[PDB]
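Shown below, as structure tokens, is a lone chain in the form deposited in one PDB entry; questions about how it binds or moves come after it.
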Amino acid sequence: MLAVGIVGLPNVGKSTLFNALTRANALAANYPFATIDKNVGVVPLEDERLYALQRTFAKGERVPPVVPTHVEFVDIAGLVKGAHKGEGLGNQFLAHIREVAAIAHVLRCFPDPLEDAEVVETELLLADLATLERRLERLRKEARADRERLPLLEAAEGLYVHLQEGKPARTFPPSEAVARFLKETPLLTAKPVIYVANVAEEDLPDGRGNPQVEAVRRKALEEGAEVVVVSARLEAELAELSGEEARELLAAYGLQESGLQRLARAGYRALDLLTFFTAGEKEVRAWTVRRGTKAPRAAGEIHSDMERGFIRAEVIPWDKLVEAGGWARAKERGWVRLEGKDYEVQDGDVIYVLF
């Protein structure tokens, strides 16, 4: 699942954060099928570029509607710390973690958070060490018969040293061999991690001077995780209001973006995603693809057909389309590019597929 799994030990504010997330999910324009699950929802991603494009294509009294994209979050369910005696405690949690692309761990930083982080990390490490032991045995046999498997075996040898020292796969230095191994065997500790420091509202936006948040930032550096500071209670309260009123009251408190939006943006980065747009008089919409996605696959997101039927596409940075004043005007300015099947989409690109 192209989603962020939210985890938390008892009483850290996770259910409160999910009251907010479930409310936000009821605002979505399009729902991924996975959201049928009560534990899966999305947070619409606010993007001012949509409104900028909207003004560019508004004519007379007509204004095209805007459709934002979103980031999917899963409430990871399950007891975390098992006995490892074959009884099965903790198995459901691991199974759920396997299905998400990134992990966001809620840590309580208001009346030890590092202890919670280590508890979860320890269970993920134990599962990964077992996976590595199984792969080392299998790969060593396969490599003797097919040298093409050797790089994965050598990457696994290195990761095993790293994990045996209690370090996550995500902080192991990158290399071609490690990349091939992790694509085939997606270790739990290789998933990007966001530590969500839950604080009292007075500590927003960065938990400055809050020793618990500072300790979380220190641990994050060691674990290769990013940090987002939110007040779950505040987010739940704001989510009950209209977006306009919530923004005004937030600004009155000297805060410029909700914690849910900050979390959504952190999740977007963790999942290595980028936004591209389709824009015209009828509609302006934001689409999401993984960084590295080429024009054809991008086109496939808009219309399945277009991927195979893809011949070429007009592409222009949203800011240049806005600066020009429209498609006809951007063409005249020579700012509209015709890109082929080899083109890697860039964040902010506006695309119109030919055929």
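Only the largest set of C-alpha atoms that superpose within 1.5 Å between the two forms is called the rigid core. In case it trips you up, residue 1 is the first one in the sequence shown, and so on.
What comes next is about the form deposited in another entry, which does not appear here.
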Requested in this report: Considering only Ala179, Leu221, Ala145, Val161, single out the residue whose C-alpha is displaced by at least 2 Å between the shown form and the other one after superposing the rigid core.
Outcome: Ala145
Report task. Could you tell me whether the Cα atom of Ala24 shifts by at least 2 Å between the shown form and the other one after core superposition? Result -> yes
Query - Core fit, then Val119 C-alpha moves 2 Å or more between the shown form and the other one - result: no
Requested in this report: Please say whether, between the shown form and the other one, the C-alpha of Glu133 moves by 2 Å or more once the core is aligned.
Outcome: no
Query raised in the report: Given a CA distance change of at least 3 Å, are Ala83 and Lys14 closer or farther in the other entry?
Result: closer
Query raised in the report: Between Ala77 and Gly82, does the Cα distance in the other entry come out closer or farther than in this form, changing by 3 Å or more?
Result: closer
